[PDB]
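Here is the structure we will look at, set down as C-alpha cells.
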Amino acid sequence: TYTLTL
Amino acid sequence: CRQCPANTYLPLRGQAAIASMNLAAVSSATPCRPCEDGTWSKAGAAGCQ
Amino acid sequence: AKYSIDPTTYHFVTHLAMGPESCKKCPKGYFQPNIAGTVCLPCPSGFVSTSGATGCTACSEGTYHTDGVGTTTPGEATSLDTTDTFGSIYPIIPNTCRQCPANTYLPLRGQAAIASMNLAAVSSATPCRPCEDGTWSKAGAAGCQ
Amino acid sequence: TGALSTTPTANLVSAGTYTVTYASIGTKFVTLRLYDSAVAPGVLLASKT
C-alpha cells in the first residue's frame, strides 16, 4: 500500500 | 450465487460482482445497494424493513 | 468548550445539514434517482454512469463492464470525489466499458467481468464468448464472420 | 523516488521545473500517480487528486 500527500 | 451482507439489499435478478483486472488502482465491487436511513434488512434480502 | 458560551443546538445534536452546499454529488459508478435521496446506489451489474447520475446506461454490444485503468478515457471516480467528500462510505468502483478481444464476440448489452474475491483458487472471468470454428471476428464485435 | 519508509519522503516536486501557470479561472484538478517502471504499460499503483 502507498499513502500519498499532495 | 452468494448472499448480500447485512444492511444491504439486492432487488434485481441475475447480478454479478464487477471485476477489476488492475487491482492496485480499482478494487472489485459487488452491486449490493445499501438500505436507506431508517431501514435495516437482515441478510441477502430483496428489500429493507 | 465551556458552559459560558452560546450554544448552537441541543447537546445530543452533533451533525447539521446547512444550506445548499450540503448536497454532494454521487461519485462515478453510483446513482440516485429519488428527489429526497439518502444513499448513493452502486450501478447495476453492467451499467455505467456520470458524476450527476440520476440514472445508468448499459455497456453496448461487444463491450463488457469493468475497470478502464489503462484505456483512453477512464471512467472511475477520483480520490477527491469519493474519499475527500464522503469518507470511507463510498469507495471507487469500476464503471468503464471495455472492448472484447480478437476472435471473441459479445451479443448482449450490459455484461460485466465476474469478480473473484479469493484470487488464489478462482480468477476473475470476462463473459466474452469465443467464436465458433470457421468464424474469426475482429475486436469488440457483436458477432462472428 | 527514494526508498519508501513509514516516514514520508521529502518533497519530490521541490525542483524548479515543477511549475504551472493557468490561463483560465476556476477549479483545476492536480493529480499525482505512482507507477513502478518507467515504460508506458507499467502498472498503476496509486493516485491522488
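Each value in this text was obtained by applying a stated rule to the coordinates, not by laboratory testing. Cβ atoms come from the backbone with ideal geometry, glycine included; neighbour counts cover every protein chain shown.
Straight-distance candidates among the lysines for linking to C:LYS25, with alpha-carbon spacing under 28 Å and chain neighbours fewer than 8 residues away dropped: D:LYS28, D:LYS48.
Here the convex hull built on the C-alpha positions of chain B has a volume of 80 cubic angstrom per residue. Label reach from C:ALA121 (point 7 Å along Cα→C-beta): in the stretch B:1-36, amide nitrogens under 15 Å belong to B:1-3. Taking chymotrypsin sites (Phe, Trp or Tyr not before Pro) as exposed when their DSSP state is a loop state and no more than 16 other Cβ atoms lie within 10 Å, the longest site-free interval of chain C runs over C:13-85.
Between the amide H of B:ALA24 and any residue lying 5 or more places away or on another chain, no distance stays under 5 Å, with hydrogens modeled in the peptide plane.
Starting with the fewest neighbours, write out C:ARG109, D:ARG33 ranked by other beta-carbon atoms found within 10 Å of each beta-carbon. If you can, show how the numbers build up before the last one.
Values: C:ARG109 15, D:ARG33 12.
Neighbour counts put them in this order, fewest first: D:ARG33, C:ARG109.
Within a 10 angstrom radius of the beta carbon, how do D:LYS28, C:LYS2, D:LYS48 rank from fewest other beta carbons to most?
Working: D:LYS28 8, C:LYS2 4, D:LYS48 18.
Listed from fewest to most nearby Cβ atoms, that is C:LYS2, D:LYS28, D:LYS48.
Equivalent ellipsoid of the stretch C:76-135: semi-axes from √(5λ) of the C-alpha gyration tensor, largest first, are 32, 16, 8 Å. Volume per residue for the stretch C:1-83 equals 143 cubic angstrom (convex hull of Cα atoms).
Can you check what the net charge comes to around B:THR8, using other residues whose Cβ is under 13 Å from the Cβ of B:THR8 (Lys, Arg +1; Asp, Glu -1)?
Details: positive: B:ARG2, B:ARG33, B:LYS42; negative: B:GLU36.
Here the count lands on +2.
Computed from the C-alpha gyration tensor, the three semi-axes of the ellipsoid equivalent to chain C are 44, 16, 12 Å, from longest to shortest. A simple spin-label model places the labels of D:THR6 and C:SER60 5.2 nm from each other, with each point 7 Å out along Cα-to-Cβ.
If you take every residue apart from D:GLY42 with its C-beta less than 13 Å away from the C-beta of D:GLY42, what net charge results, scoring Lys and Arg +1 and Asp and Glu -1? Spell out each step's value before the answer.
Numbers: positive: D:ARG33; negative: D:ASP36.
Residues near D:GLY42 contribute 0 overall.
Is chain D rounded, prolate or oblate when judged by the Cα gyration tensor, a ≥ b ≥ c being the square roots of its eigenvalues, rounded requiring a/c under 1.5 and prolate requiring a/b larger than b/c? Write out the running numbers ahead of the final one.
Details: a/c = 2.04, a/b = 1.49, b/c = 1.36.
Note, shape of chain D comes out prolate.
Is the C-alpha gyration tensor of the protein assembly as shown telling us rounded, prolate or oblate? Criteria: a/c under 1.5 is rounded; beyond that, a/b larger than b/c is prolate, otherwise oblate. The shape class here is oblate.
Tell me the net charge near C:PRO107. Cut-off is 12 Å between Cβ atoms, C:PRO107 excluded, with +1 for each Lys or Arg and -1 for each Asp or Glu.
On the way: positive: C:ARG109, C:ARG129; negative: C:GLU61.
Result for the local shell: +1.
Computed over the stretch C:43-121, the range of Cα coordinates on each principal axis works out to 42, 35, 23 Å, biggest value leading.
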